[PDB]
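Each remark here refers to the structure printed beneath this line.
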Amino acid sequence: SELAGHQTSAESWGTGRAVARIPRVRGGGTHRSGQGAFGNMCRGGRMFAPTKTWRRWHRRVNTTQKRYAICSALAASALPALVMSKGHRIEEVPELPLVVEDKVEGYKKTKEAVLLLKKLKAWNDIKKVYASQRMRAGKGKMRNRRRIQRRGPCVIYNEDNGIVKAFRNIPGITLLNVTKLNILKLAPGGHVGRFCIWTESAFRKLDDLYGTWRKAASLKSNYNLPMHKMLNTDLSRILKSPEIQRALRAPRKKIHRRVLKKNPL
Amino acid sequence: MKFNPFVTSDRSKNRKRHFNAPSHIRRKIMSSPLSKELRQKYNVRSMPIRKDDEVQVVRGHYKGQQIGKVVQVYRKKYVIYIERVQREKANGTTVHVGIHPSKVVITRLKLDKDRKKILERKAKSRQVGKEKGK
RNA sequence: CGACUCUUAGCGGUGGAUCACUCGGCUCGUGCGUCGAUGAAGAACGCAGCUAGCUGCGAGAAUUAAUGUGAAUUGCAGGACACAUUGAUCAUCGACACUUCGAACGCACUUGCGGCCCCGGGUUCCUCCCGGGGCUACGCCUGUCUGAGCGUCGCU
RNA sequence: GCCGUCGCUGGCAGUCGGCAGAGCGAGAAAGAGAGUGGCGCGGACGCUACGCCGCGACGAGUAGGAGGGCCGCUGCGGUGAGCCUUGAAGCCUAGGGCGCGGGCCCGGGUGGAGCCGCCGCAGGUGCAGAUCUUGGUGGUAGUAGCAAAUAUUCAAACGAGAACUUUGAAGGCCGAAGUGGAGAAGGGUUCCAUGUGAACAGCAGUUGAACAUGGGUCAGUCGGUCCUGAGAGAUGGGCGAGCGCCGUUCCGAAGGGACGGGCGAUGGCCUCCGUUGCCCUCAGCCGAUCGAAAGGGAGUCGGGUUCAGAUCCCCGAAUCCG
RNA sequence: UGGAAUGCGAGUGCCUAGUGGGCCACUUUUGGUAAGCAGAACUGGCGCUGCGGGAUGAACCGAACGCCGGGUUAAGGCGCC
RNA sequence: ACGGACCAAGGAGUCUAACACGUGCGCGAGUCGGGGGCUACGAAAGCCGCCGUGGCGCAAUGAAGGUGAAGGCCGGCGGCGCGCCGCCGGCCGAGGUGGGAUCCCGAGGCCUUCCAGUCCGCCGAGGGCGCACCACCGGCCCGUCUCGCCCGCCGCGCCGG
RNA sequence: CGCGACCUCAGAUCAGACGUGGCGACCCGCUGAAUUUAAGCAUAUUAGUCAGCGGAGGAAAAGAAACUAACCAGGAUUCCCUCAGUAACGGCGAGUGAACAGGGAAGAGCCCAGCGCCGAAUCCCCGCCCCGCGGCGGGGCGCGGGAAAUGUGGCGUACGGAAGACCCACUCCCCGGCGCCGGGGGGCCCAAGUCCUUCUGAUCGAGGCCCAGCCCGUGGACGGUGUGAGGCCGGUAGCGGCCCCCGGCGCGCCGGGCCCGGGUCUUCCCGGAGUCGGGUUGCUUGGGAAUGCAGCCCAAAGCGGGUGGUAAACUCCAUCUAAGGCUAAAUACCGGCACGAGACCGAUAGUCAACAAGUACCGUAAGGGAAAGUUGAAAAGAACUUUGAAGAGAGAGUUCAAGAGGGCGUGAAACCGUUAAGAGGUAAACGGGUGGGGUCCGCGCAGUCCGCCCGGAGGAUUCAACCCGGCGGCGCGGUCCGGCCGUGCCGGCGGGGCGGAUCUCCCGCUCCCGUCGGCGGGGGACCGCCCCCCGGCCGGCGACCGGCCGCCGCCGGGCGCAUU
Ligand SMILES: [Mg+2]
Ligand SMILES: [Mg+2]
Ligand SMILES: [Mg+2]
Ligand SMILES: [Mg+2]
Ligand SMILES: [Mg+2]
Ligand SMILES: [Mg+2]
Ligand SMILES: [Mg+2]
Ligand SMILES: [Mg+2]
Ligand SMILES: [Mg+2]
Ligand SMILES: [Mg+2]
Ligand SMILES: [Mg+2]
Ligand SMILES: [Mg+2]
Ligand SMILES: [Mg+2]
Ligand SMILES: [Mg+2]
Ligand SMILES: [Mg+2]
Ligand SMILES: [Mg+2]
Ligand SMILES: [Mg+2]
Ligand SMILES: [Mg+2]
Ligand SMILES: [Mg+2]
Ligand SMILES: [Mg+2]
Ligand SMILES: [Mg+2]
Ligand SMILES: [Mg+2]
Ligand SMILES: [Mg+2]
Ligand SMILES: [Mg+2]
Ligand SMILES: [Mg+2]
Ligand SMILES: [Mg+2]
Ligand SMILES: [Mg+2]
Ligand SMILES: [Mg+2]
Ligand SMILES: [Mg+2]
Ligand SMILES: [Mg+2]
Ligand SMILES: [Mg+2]
Ligand SMILES: [Mg+2]
Ligand SMILES: [Mg+2]
Ligand SMILES: [Mg+2]
Ligand SMILES: [Mg+2]
Ligand SMILES: [Mg+2]
Ligand SMILES: [Mg+2]
Ligand SMILES: [Mg+2]
Ligand SMILES: [Mg+2]
Ligand SMILES: [Mg+2]
Ligand SMILES: [Mg+2]
Ligand SMILES: [Mg+2]
Ligand SMILES: [Mg+2]
Ligand SMILES: [Mg+2]
Ligand SMILES: [Mg+2]
Ligand SMILES: [Mg+2]
Ligand SMILES: [Mg+2]
Ligand SMILES: [Mg+2]
Ligand SMILES: [Mg+2]
Ligand SMILES: [Mg+2]
Ligand SMILES: [Mg+2]
Ligand SMILES: [Mg+2]
Ligand SMILES: [Mg+2]
Ligand SMILES: [Mg+2]
Ligand SMILES: [Mg+2]
Ligand SMILES: [Mg+2]
Ligand SMILES: [Mg+2]
Ligand SMILES: [Mg+2]
Ligand SMILES: [Mg+2]
Ligand SMILES: [Mg+2]
Ligand SMILES: [Mg+2]
Ligand SMILES: [Mg+2]
Ligand SMILES: [Mg+2]
Ligand SMILES: [Mg+2]
Ligand SMILES: [Mg+2]
Ligand SMILES: [Mg+2]
Ligand SMILES: [Mg+2]
Ligand SMILES: [Mg+2]
Ligand SMILES: [Mg+2]
Ligand SMILES: [Mg+2]
Ligand SMILES: [Mg+2]
Ligand SMILES: [Mg+2]
Ligand SMILES: [Mg+2]
Ligand SMILES: [Mg+2]
Ligand SMILES: [Mg+2]
């Protein structure tokens, strides 16, 4: 509040009365009279630099960079090492990216969704979301944030024909519409490599949404994929290649440690 | 997950509306499951507890197979008093121990015209749902 | 020797830090966006079987009626020949009710003085006394009634 | 010797293995070059390259700058198939340790329900001071002190308990401008009875104006009530953006009354009188209203009565007003 | 024959805090009787700085500082403390 | 010299705006949707493209009216008398000097029985193209000054170049 | 003199109405500082802001040009973005500071006076009858009353309007009653474990619940319950259900009202005054020879008047039409009613107020204004015995625990008591170096572990070598087959999408005569890129593989039966 600390008529006693010169509450007959006031060192005063509602809570991010971030998240979602390093139990998923037929977009019952995740071997990830369900340390419990749990697989669909209502009750699952992809959902915590299950229709729109290298995006007015700074990231293969190897001087791998000086005399 | 914009999931609001609930709302909050026999017979799962109902304690120190009559529904304290569910004070007098209705099972119902109406309504709304799924 | 003193530790005090809790705040957002002479906001004094405060209510006073609900309220007692279409309790709230002051209104602001009309009891038609009821404020609009003027005139 | 800083913008991708061949530190440029003619199945470690390794020099620091913190605090996104009633946080500890340090780990105890690691995000994020704020506690210290107004003593009672309470008796004081008996203002139940002896009454108390439980204030005649006082204050009017203010007879059609008379209407002890409506007649007050429990203002005294009220109750005797 | 010796890697650009009271000594030096006074030049100090010596001491003399072992010293010392 | 008897808890460079420079990322002579619109977490995110209006940048200069960012050679003619100016057609063309990381060529040279002569590499005097950047010299654009001779025409001008 | 009209003005407890006061976050009208900055200060700034006064509403105010402009013109008001920290103001210092255009949100337009024509064609109230009647109205009837010619109503208002004539076209539009058919508020209800072991004071904890995966799930929000719960209860989900009431939208009947329009000609008519404008004064603005407002003085015109951002004269132009009036929406909202949420605070914090807080308490008053949360799962809140006058104690008992005992969770430091140990004449404390003694730790006290080898005793799911099968690695298989496939290159009657400031047979509107030219909407061609089809080279499969063949390794099973 902009009044906190200021709803008093406190006034400084001034010097000469053997007390600090902090403004003091006027009147008498109660504990409050003659106490410090206003200052931020006082009990019941006003805090230092009171917080304001016009703090800049919101940030602009360039569209090209936001799309860049959606592309990195998707590229990092198709690599087993990164998805495993995100904690997802995908040791038995048949393939990555995981594409399932479009029938799944028409599921209605939550039991069909559960069975599909079991036959796709995405149920170990769900069982790991159940094991992570616990209470949250701190005041968050007092503020409607008592239960915490880890994210499960993301199901990305083209059109919703009951798939959302089928999956929404399974903990850890996040549904996403392929034409409205979110980096906050695709890279939870800012870390890439979330396990994503794709429907066939959703998978086929990706080229249109983001464009190939040869073809610009069809569903974005003017956009194409970010270019690469390094076409061959396999540093080991580059260094072991004959072309690089022929140009080098022979390595110097002999260690010449300090020599104890002995007196020649 | 809850989607109704006009239903609060706030912890403080939900506790305040529990502990300040009026008498006719505390009645609904003070509901007990029916036995397996009663549940089959009436197709109802829970009923608000009532004086002269016969219940089994299924949790706590007094749990067991003993069936006692409900002798007092202390809605203010959110407890019921049950025959023989009691202890003695220092001076030797016996005092009832309060059990929450959610920790007992109703084995016999105190039936009157209004209770038979409430059971009927619950059983009918249930069947509407079963046919809706079917 | 033993006091006293100092240091450390156990235990005991004094004290209320810390930690965990939160029916409270704070901030943002949404919908609505409604007081009064038919007497408001505010204030006073009352009202419970036992009741000081808070809360609620207004001499019908911790409430009446109605509607929903459906067996309690509860700290103790009690149960009106209170208790299931002879409806406990709570909720809602549309009926009825709502003391004194207060824009506050007969005049004053001390529970002071009136005035008019009607009704009842004393008495015995009026009077007179007592009681009850209804009126009796300022401004202002339309109209009504009663008037005023060496204002303008007309007929006498 | 060890630690760190700086420099060499030093070295290491060559862990090139039986598809093998181990070297490139040495004073002094550039190939351990390629070719054409004349038995065993074996061989340490390394390389989070933001890593690892070598060599040399160097190291003071206020004000001030910069870097690095696997320093610490709270919350948010992720992650740890993390921890936890077989015991969380917190707290305590002459227990064992780690780190230059900020700090942290483990053991034991108490505790009773939640908490932490790592990658990121965020900040109301780190106290010895500010005659800092609020709360608590010391020494001083069983200390200053409990010294204004002459004064107490004996016996008994109640009681656990008596210098202090009650009764009796002495010795004193206030000395009718009183330490007496009654009021005004103010207080507001302090009044009276009974009980308590926790807290309070700067010792104590069997006591109190404390606490608790219950009672107690009676009017034609005693005051208010009415009058006006100095004064205050509406209306008319004036002023004023306006809430309003000035003003109190001043720029006002300021009387709602009456003896009587005449016209009617209603009633009743219906005889005739009331009441009532209108008209005639008559009419200074000339300023609404407020303003005094000491001013003005009719009329109550004697006796008795209660725990506490009495010119008020009861008895008796009166009186004013209408 | 990079045209004296000696030593040393240099150049360049942005942004920038604190400071803007000083004081002391050898020598030079103004005013003043002089002052632990006031005011200048040069260099070095203290301020910001510990350490050995001057018993003690901002500035003197020696010497400048990571945590240690051994050796040796400076200025100063070696009756006893 | 001032504050500090003691203990706990609280206690002081923050947030908004503007600017400058440094750094990181995206795109790039462009870039930015921030306002608006479309389509539980979500007040999020996604999209717009005839929503890029608009901001900043891409042009400066002058008070302003305004103007607003290389040249040379060849051939021909007119005028003055081989040189100069004006108008015509063809060819080349964004300057130069010094320094300059890197790159390029390469006199000669990098051994093993001895000669010839090869392929791949490797070093190197000297010589070249010269990044960025700096210094210097030229040039171009706008204001202003001095000097001076011409060229244009729907307006023959106190016109325009 | 009397009577009667009118005018002006009175009194009524006359009949019926209406205003007052409050709240005030947002809104409109006034009035209106000084701290402050200028490193002083007076203009300026602070600021048209605080304070003061008045008046409202769910919004207010504003608003359909006496506008902007100067364009090829726009077109009420309000708001957002930008214009723009700009034009401008300013001891030209400090500082201040709009508009137009452009893009959006929203979008809505109208009515008088006047000038006229209509026999006042108009209005209010009373009385009676029908209808309705908690929004007091509709119709009918009164030689009922009044208002109003000092002007009511209908037509009509600058976009022009009226009357007449001629052509053309017209039957639905509303008011008051009555009946019938399809969002809001309230109430009640609707899935699944208290399954088997087990830990606990109690548990919602742990373990399990055949293939398969306890059960439900459109419900795994949250709260409660003796932890910690999707399944115990309330809830949550659902285009779920049932029951009340209110509203909205539709369709018919009755009684009323309107007797309704367009175009072309003809003739007529047309506007707001102590206001504009000017001078001056004061304030105000970015408004500068004066932006707005106000006082005083002067004081209009009618082809006039106003504006046209530098005073003035002359002259063209442009643009509006002042001095009367109404109007939703988009916008605002720290008050109120009812809700939802949060990277917020967590009892010295967060509101002063988590609690009998605007309370207790202080002040004559205006005003000032705190402290104060927590036993336990459950009061089971400690019966009874005993000492004491009692407070207090000792036992006993409840509880998982009173080592939780009614200001009781935990229970820190300072400070204090006691117990134990050590010590004590330079106040104590402190750095370095040892020494002595304690407390505890090593859960110490005949002292490590590992590879290979030698020897002695034993024992076997017994080694190599071969055979069957599976899998894996590699292959320059010197050049095997088949695949996908090139952010590769070539040849195509290839079957297509995107784009182009590259070119060009069909149609809509429109000028001119039925002709003929222009704007706009469409093929088609062409160019670039991309996708898919087919043929030829090279080429990957190390972000991208199968079959056979070969080599090698590993595993399972056989055989080897013992100098291994
Ligand atoms: Mg505060
Ligand atoms: Mg914590
Ligand atoms: Mg009472
Ligand atoms: Mg009732
Ligand atoms: Mg009822
Ligand atoms: Mg009086
Ligand atoms: Mg240093
Ligand atoms: Mg200690
Ligand atoms: Mg607990
Ligand atoms: Mg914070
Ligand atoms: Mg602190
Ligand atoms: Mg402190
Ligand atoms: Mg003493
Ligand atoms: Mg006296
Ligand atoms: Mg007396
Ligand atoms: Mg005492
Ligand atoms: Mg007394
Ligand atoms: Mg007055
Ligand atoms: Mg009086
Ligand atoms: Mg008197
Ligand atoms: Mg008498
Ligand atoms: Mg000097
Ligand atoms: Mg200094
Ligand atoms: Mg220095
Ligand atoms: Mg020094
Ligand atoms: Mg000396
Ligand atoms: Mg030494
Ligand atoms: Mg000496
Ligand atoms: Mg000082
Ligand atoms: Mg002091
Ligand atoms: Mg930058
Ligand atoms: Mg939200
Ligand atoms: Mg009246
Ligand atoms: Mg100043
Ligand atoms: Mg100053
Ligand atoms: Mg000043
Ligand atoms: Mg000024
Ligand atoms: Mg101003
Ligand atoms: Mg104000
Ligand atoms: Mg007001
Ligand atoms: Mg008002
Ligand atoms: Mg209102
Ligand atoms: Mg207007
Ligand atoms: Mg507009
Ligand atoms: Mg700009
Ligand atoms: Mg201003
Ligand atoms: Mg505009
Ligand atoms: Mg729009
Ligand atoms: Mg007219
Ligand atoms: Mg107009
Ligand atoms: Mg259920
Ligand atoms: Mg279980
Ligand atoms: Mg739960
Ligand atoms: Mg729970
Ligand atoms: Mg379960
Ligand atoms: Mg349910
Ligand atoms: Mg529902
Ligand atoms: Mg007008
Ligand atoms: Mg002014
Ligand atoms: Mg001004
Ligand atoms: Mg001009
Ligand atoms: Mg208006
Ligand atoms: Mg507190
Ligand atoms: Mg507080
Ligand atoms: Mg506290
Ligand atoms: Mg705290
Ligand atoms: Mg407090
Ligand atoms: Mg506490
Ligand atoms: Mg315990
Ligand atoms: Mg405890
Ligand atoms: Mg508890
Ligand atoms: Mg406590
Ligand atoms: Mg405690
Ligand atoms: Mg101790
Ligand atoms: Mg001792």
Side-chain angles (χ1 to χ4, degrees), chain A residues 1 4 7 9 18-20 22 26-33 35-36 39-45 47-49 51-56 60 62 64-65 68 87 110-111 118 128 131-132 135 137-140 142-143 150-151 165 169 171 179-182 184 188-191 213-215 221-222 234 236-237 239 250-258, chain B residues 1-3 5-6 8-9 11-12 14-16 18-20 22-24 28-29 31-33 46 50-51 58-61 73 75-76 87 89-92 95 97-98 100-103 112-114 121-122 125-126 128-129 132:
Chain A
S1 179
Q7 306 179 97
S9 54
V19 294
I22 191 78
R26 310 250 267 167
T30 176
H31 283 122
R32 186 66 172 133
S33 48
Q35 294 194 339
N40 59 305
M41 65 277 262
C42 300
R43 168 194 187 282
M47 69 147 99
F48 160 75
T51 51
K52 296 300 205 269
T53 56
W54 53 84
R55 197 202 295 254
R56 199 168 67 88
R60 291 191 65 234
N62 284 3
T64 310
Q65 271 165 309
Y68 210 134
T110 299
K111 283 179 188 285
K118 285 176 172 178
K128 187 178 167 166
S132 79
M135 232 50 65
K139 297 292 192 296
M142 259 173 235
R143 300 169 187 174
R150 67 153 294 127
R151 291 294 182 187
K165 291 189 165 178
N169 206 54
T179 67
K180 298 199 280 268
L181 284 179
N182 194 349
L184 300 176
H191 308 320
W213 307 101
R214 291 168 60 92
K215 178 192 206 311
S221 54
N222 174 226
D234 198 17
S236 81
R237 252 166 148 291
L239 297 188
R252 294 192 281 257
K253 49 182 61 161
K254 183 160 179 164
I255 314 305
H256 301 294
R257 300 174 204 279
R258 159 194 151 144
Chain B
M1 177 45 75
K2 174 265 289 179
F3 312 112
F6 301 100
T8 193
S9 60
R11 168 174 180 90
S12 291
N14 278 330
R15 274 164 58 76
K16 187 187 180 178
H18 173 88
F19 290 118
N20 290 277
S23 190
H24 86 294
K28 213 155 134 56
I29 288 150
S31 300
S32 292
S46 341
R50 192 203 186 286
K51 191 175 176 175
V58 296
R59 285 284 187 286
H61 183 256
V73 174
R75 293 196 204 156
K76 190 186 200 79
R87 61 177 286 141
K89 285 164 68 68
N91 74 330
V95 70
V97 181
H100 203 261
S102 71
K103 301 286 155 290
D112 64 271
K113 148 208 70 191
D114 270 330
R121 213 193 167 61
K122 288 168 165 267
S125 307
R126 203 186 184 89
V128 168
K132 190 198 154 213

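We name chains A, B, ... by the order of the sequence lines, and we start the count at 1 in each one. We use all heavy atoms of the structure for the numbers below, so side chains are in, but hydrogens, waters and symmetry mates are not.
Distances shown here put every side-chain N or O of B:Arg121 at or beyond 4.0 Å from the OP1 or OP2 atom of G:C188. Remark: A:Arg55 is in phosphate contact with D:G124, judged by side-chain N or O atoms under 4.0 Å from OP1 or OP2. Contact annotation: B:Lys2 side-chain N/O to G:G219 OP1/OP2 distance is not under 4.0 Å. For F:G49, the OP1/OP2 oxygens have no side-chain nitrogen or oxygen of A:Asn222 closer than 4.0 Å. Between C:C90 and B:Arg75, no contact under 4.0 Å exists linking OP1 or OP2 to a side-chain N or O. Residue A:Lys180 has no polar side-chain atom (N or O) positioned under 4.0 Å from OP1 or OP2 of F:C47. Contact between the side-chain N/O atoms of A:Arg150 and the OP1/OP2 oxygens of D:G78 is not found at any separation under 4.0 Å. Applying the 4.0 Å criterion to OP1 and OP2 of G:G368, one finds that A:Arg32 has every side-chain N and O outside that range. In terms of phosphate contacts, A:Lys52 brings no side-chain nitrogen or oxygen within less than 4.0 Å of OP1 or OP2 of F:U14. Considering only side-chain N and O atoms, B:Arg126 lies under 4.0 angstrom from the phosphate OP1 or OP2 of G:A192. OP1 or OP2 of D:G80 has at least one side-chain nitrogen or oxygen of A:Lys128 nearer than 4.0 Å. Between D:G1 and A:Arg258, a contact under 4.0 Å exists linking OP1 or OP2 to a side-chain N or O. For G:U218, the OP1/OP2 oxygens have a side-chain nitrogen or oxygen of A:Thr110 closer than 4.0 Å. Between A:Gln35 and the phosphate of D:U133, there is no side-chain N or O to OP1/OP2 separation shorter than 4.0 Å.
If you take CE of A:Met41 and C1' of D:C132, they are 6 Å apart, rounded to a whole angstrom. Regarding A:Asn62, its CG atom lies at a distance of 9 Å from the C1' atom of F:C25, rounded to whole Å. Atom-to-atom, CZ of A:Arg56 to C1' of F:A43 comes out at 18 Å; the value is rounded to the nearest Å. The separation between B:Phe3 atom CZ and G:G217 atom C1' is 12 Å, rounded to whole Å. Atom pair B:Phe6:CZ and C:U30:P shows a separation of 13 Å (rounding to whole Å applied). Distance CZ (B:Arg87) to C1' (G:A382): 12 Å, rounded to an integer number of Å. As a whole-Å value, the separation of B:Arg59 CZ from G:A202 P is 12 Å. To the nearest angstrom, P of F:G46 lies 12 Å from CD of A:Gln65.
Remark: A:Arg26 CZ is loosely packed, at most 12 non-hydrogen atoms of other residues, nucleotides or ligands lying under 6.0 Å away. By the 6.0 Å contact criterion, CG on B:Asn91 is enclosed, its count of non-hydrogen atoms from other residues, nucleotides or ligands being greater than 12.
With the cut-off at 3.5 Å for both distances, G:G451 forms no Watson-Crick or G-U wobble pair with G:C519. With both hydrogen-bonding distances under 3.5 Å, G:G488 and G:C537 qualify as a Watson-Crick or G-U wobble pair. Base pair annotation for C:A43 with C:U124: unpaired, by the Watson-Crick or G-U wobble rule (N1-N3 plus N6-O4 or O6-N4, or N1-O2 plus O6-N3, under 3.5 Å). With the cut-off at 3.5 Å for both distances, C:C21 forms a Watson-Crick or G-U wobble pair with G:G373. Here G:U448 is not matched with D:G188 as a Watson-Crick or G-U wobble partner, both contacts being required under 3.5 Å. Between C:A95 and C:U64, both key atom distances fall under 3.5 Å, giving a Watson-Crick or G-U wobble pair. Taking 3.5 Å as the upper bound for both contacts, G:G305 does not pair with G:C384 in Watson-Crick or G-U wobble fashion. A Watson-Crick or G-U wobble pair does not link D:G223 to D:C282 when both relevant atom distances must lie under 3.5 Å. The bases F:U112 and F:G126 are not paired as Watson-Crick or G-U wobble with both atom distances under 3.5 Å. For G:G231 with G:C326, the Watson-Crick or G-U wobble criterion does not hold with each of the two distances under 3.5 Å.
On a pure distance criterion of 3.5 Å, no polar donor-acceptor pair joins the side chain of B:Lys76 and the base of C:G75. Put simply, the side chain of A:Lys139 and the base of G:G346 share no donor and acceptor less than 3.5 Å apart. One cannot find a donor-acceptor pair under 3.5 Å joining the base of C:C23 and the side-chain atoms of B:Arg15. For A:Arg252 against D:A13, no side-chain N or O and base N or O form a donor-acceptor pair under 3.5 Å. Not a single donor-acceptor pair, N or O on each side, falls under 3.5 Å between the base of D:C55 and the side chain of A:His256. With hydrogens and angles ignored, no donor-acceptor pair closer than 3.5 Å exists between the side chain of B:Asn14 and the base of G:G235. Remark: the B:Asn20 side chain and the C:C23 base include a donor-acceptor N/O pair separated by less than 3.5 Å. You won't find any donor-acceptor pair under 3.5 Å spanning the side chain of B:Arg11 and the base of G:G224, going by distance alone. For A:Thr30 and G:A360, a side-chain-to-base donor-acceptor distance below 3.5 Å is present, hydrogens and geometry of angles not being considered. The base of D:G77 is paired with the side chain of A:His191 by a donor and an acceptor separated by under 3.5 Å.
Glycosidic torsion of C:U18 falls outside 90° of 0, placing the base in anti. In this structure, F:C156 shows a glycosidic angle within 90 degrees of zero, which is the syn conformation.
Comparing F:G11, G:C233, F:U16 against the side chain of B:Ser31 picks out G:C233 as the nearest. Side-chain atoms of A:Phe48 lie closest to F:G13 of the nucleotides F:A40, F:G13, G:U348. Of the candidates C:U89, D:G114, G:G240, the closest approach to any side-chain atom of A:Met135 belongs to D:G114. Here the side chain of A:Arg143 is nearest to one of G:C344, G:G381, G:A370, namely G:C344. When distances are taken from the side chain of A:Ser1 to each of D:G54, G:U351, C:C90, the shortest belongs to G:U351.
No side-chain donor-acceptor contact under 3.5 Å links A:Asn62 to the backbone of A:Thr64. Although no hydrogens or angles enter the test, the distance criterion places a donor-acceptor pair under 3.5 Å between the side chain of B:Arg75 and the main chain of B:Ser23. When atom types are taken as modelled, the side chain of B:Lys122 and the backbone of B:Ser46 share a donor-acceptor pair closer than 3.5 angstrom.
In this structure, B:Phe19 forms an aromatic stack with the base of C:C23, since both conditions hold: centre separation below 5.5 Å and plane angle below 30°.
For F:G52, the ring torsion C1'-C2'-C3'-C4' comes out negative, which puts the sugar in the south group. A positive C1'-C2'-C3'-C4' angle places the sugar of G:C133 in the north (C3'-endo) family.
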